[PDB]
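Asker: structure here, sequence nowhere to be found:
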C-alpha cells in the first residue's frame, strides 16, 4: 500500500514528475477503500465467516527505467 | 494498492508528467471502492459465508521505459 | 505500507521528483483504508470468525533505475 | 511501515527528490489506516475470533539505483 | 517502523534529498495507524480472542545505490 494526499500544494517543478511503475497486486476480502469529497460517516463490515484459505502466489517484478549513455551495456531481468 | 488525491493543487510543470506502467492486478470479493462527490453515509457488507479458497497465480511484470543513447545495448526481460 | 501527506507545502524543485517503483503487494481482510475530504466519524468492523489460514508466497522484486555512463557494464537481476 | 507528514513546509531543493523503491509488502487483518482532512472521532474494530494462522513467506528484494561511470563493472542481485 | 513529521520546516537544500529504499514489510492484526488533519479523539480495538499463530518468514533485502567511478568492481548480493 502506497497512499499520498496533497490537500493543498504549491509546486514549481520543471521536471520529470510523478512516475509510477509496477505497483504491486492486492488481494482483498470485504475490504473497503474510501475517498469521498447530526453528521454520521459509517462503513460497516461484519458477521463474516471464513473457512480455511490457502494462497500460493509467485510474483516477479522486473522494472527498468533508462537514462543512459551506454556502450556494450547489458541489463538482465 | 496505490491511491493519490490532490483535493487542491497548484503546479507549474513543463515536464514529463503522470506516467503509470504495469499497476498490478487486484482480485477482490465483496469489496467496496467508493469515491462520490441528518446525513448518513453507509456501505454495508455482511453475513458472508466463504468456503475453502485455493489461489495459485504466477505473474511476471516486465516494464521498460527508455530515454537512451545506446550502442550495442541489449535489454532482457 | 508507505503513507505521505503534505497538508500544506511550498516547494521549488526543478528536479527529478516523486519516482515510485515496485511498491509491494498487500493482502488484507476486512481492512478499511479511509481518506475523505454533533459530528461522528465511524468505521466499524466486527464479529468476524476466521478459520485457519495458510499463506505461502514467493515474491522477488528486481527494480533497476539507470543514469549511467557505462562501458561493458552488466547488471544481473 | 514508513510514515511521513509535512503539515507545513518551505523547501528550496533544485535536486533529486523523493525517490521510493521496493517499499515492502504488508499483510493486515481488520487493520484501519486513516487520514481524513460535540465532536467525536471513532474507529471501532472488535469481537474478532481468530484461529491458528500459519504464514510462510519468502521475499527477496533486489533494488538497484545507478549514477555510474563504470568500466567492466558487474552488479549481481 | 520509521515515522517522521516536520510540522514546520525551512530548508535550503540544493541536494540529493529524501531517498528511501527497501523499507521492510509489516504484518499487523487490528492495528490502527492514524494521521488526520467537548472534543474527543477515540480509536477503540477490543475483545479480540487470538489462538496460537505460527509465522516463519525468510526475508532477504539487497539494496544497491551507486555513485561510482569503478574499474573491475564487482558487487555481490
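Answerer: That came through, no problem. Numbers count the residues shown, from 1 in each chain, chains lettered A, B, ... in the order given.

Asker: what sits against the residue nearest to the spatial centre of chain A?
Answerer: Taking Cα atoms, centre = their mean, the centroid of chain A lies closest to residue A:23, which sits 4.5 Å from it. Going by Cβ atoms under 8 Å, 6 or more residues apart in numbering or on different chains, residue A:23 touches A:2, B:1, B:2, B:22, B:23, B:24, C:20, C:22, C:23. C-beta here means a position set from N, CA and C on the backbone, and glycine is covered the same way.

Asker: what about it, which SS state?
Answerer: With DSSP: H, G, I helix; E, B strand; the rest coil as the basis, residue A:23 sits in coil.

Asker: what sits closest to it if chain neighbours are left out?
Answerer: Beyond its immediate neighbours in the sequence, the residue positioned closest to residue A:23 (Cβ to Cβ, 6 or more residues apart in numbering or on different chains) is residue B:2, lying 4.3 Å away.

Asker: redo the contacts of residue A:23 as TSV? Include distance to residue E:33.
Answerer: Shown next, in TSV, are those (distance: Cβ to Cβ, whole Å):
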residue	distance to residue E:33
A:2	14
B:1	14
B:2	17
B:22	27
B:23	23
B:24	22
C:20	19
C:22	22
C:23	16
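
Asker: who wins on neighbours among these?
Answerer: Ranked by the number of neighbours (other Cβ atoms under 10 Å in any protein chain shown), the contacts of residue A:23 place residue C:23 first, at 29 neighbours.

Asker: phi, psi of that one?
Answerer: Residue C:23 adopts backbone torsions of phi -60, psi 120, taken as degrees, to the nearest 10.

Asker: does any part of stretch A:65-77 sit near chain E?
Answerer: No - for a cut-off given as Cβ under 8 Å from any Cβ of the partner chain, stretch A:65-77 has no contacts with chain E; the smallest distance is 13.5 Å.

Asker: list the buried residues for that stretch?
Answerer: Within stretch A:65-77, the residues scored as buried using 16 or more other Cβ atoms under 10 Å in any protein chain shown are A:65, A:66, A:67, A:68, A:69, A:70, A:71, A:73, A:74, A:75, A:76, A:77.

Asker: near chain C, list only the ones from those.
Answerer: Among the buried residues of stretch A:65-77, chain C is touched by A:65, A:66, A:67, A:68, A:69, A:70, A:71, A:73, A:74, A:75, A:76, A:77 when using Cβ under 8 Å from any Cβ.

Asker: which residues are in contact with the first one?
Answerer: If I follow you right, that is residue A:65. Contacts for residue A:65 (Cβ under 8 Å, 6+ apart) come out as A:19, A:21, B:65, C:21, C:64, C:65, C:66.

Asker: in helices only, show me the ones next to chain C among the buried residues of stretch A:65-77.
Answerer: Here DSSP state H is the test, and those give no hits in helices at all.

Asker: for the closest residue to chain C within chain A, which non-adjacent residue is spatially closest?
Answerer: Residue nearest to chain C within chain A: residue A:24 (3.4 Å; Cβ to the nearest Cβ). Closest residue to residue A:24 apart from its sequence neighbours, by Cβ to Cβ, 6+ apart: residue C:25 at 3.4 Å.

Asker: strands paired with the helix or strand containing residue A:41, and their directions?
Answerer: Assessed by DSSP states H and E, residue A:41 sits inside strand A:39-46. Strand pairing for strand A:39-46, using DSSP bridges, gives strand B:39-46 (parallel), strand C:39-46 (parallel).

Asker: pick the most buried one from these.
Answerer: Of all these, strand C:39-46 has the most neighbours on average by mean count of other Cβ atoms under 10 Å in any protein chain shown, namely a mean of 18.

Asker: hmm, back to that, reformat the contacts of residue A:65 as TSV; add distance to residue E:11.
Answerer: Shown next, in TSV, are these (distance: Cβ to Cβ, whole Å):
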residue	distance to residue E:11
A:19	23
A:21	28
B:65	30
C:21	25
C:64	30
C:65	24
C:66	28
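
Asker: give me the subset of those residues lying in strands.
Answerer: A:19, A:21, B:65, C:21, C:64, C:65, C:66 (DSSP state E).

Asker: who does the fifth one bridge with?
Answerer: Following DSSP bridges, residue C:64 is listed with bridge partners residue A:64, residue D:64.

Asker: residues near it, how many?
Answerer: Burial measure for residue C:64: 26 neighbouring residues, criterion other Cβ under 10 Å.

Asker: kindly report the same for the second one.
Answerer: Residues contacting residue A:21 under the criterion other Cβ under 10 Å number 25.

Asker: quick check: it touching residue B:64?
Answerer: No - the pair residue A:21 / residue B:64 is not scored as a contact, 9.8 Å apart, by Cβ atoms under 8 Å.

Asker: what segments of chain A are strands?
Answerer: All strands of chain A, identified by DSSP E, fall at A:2-5, A:10-12, A:19-21, A:27-29, A:32-34, A:39-46, A:49-50, A:54-71, A:74-76.
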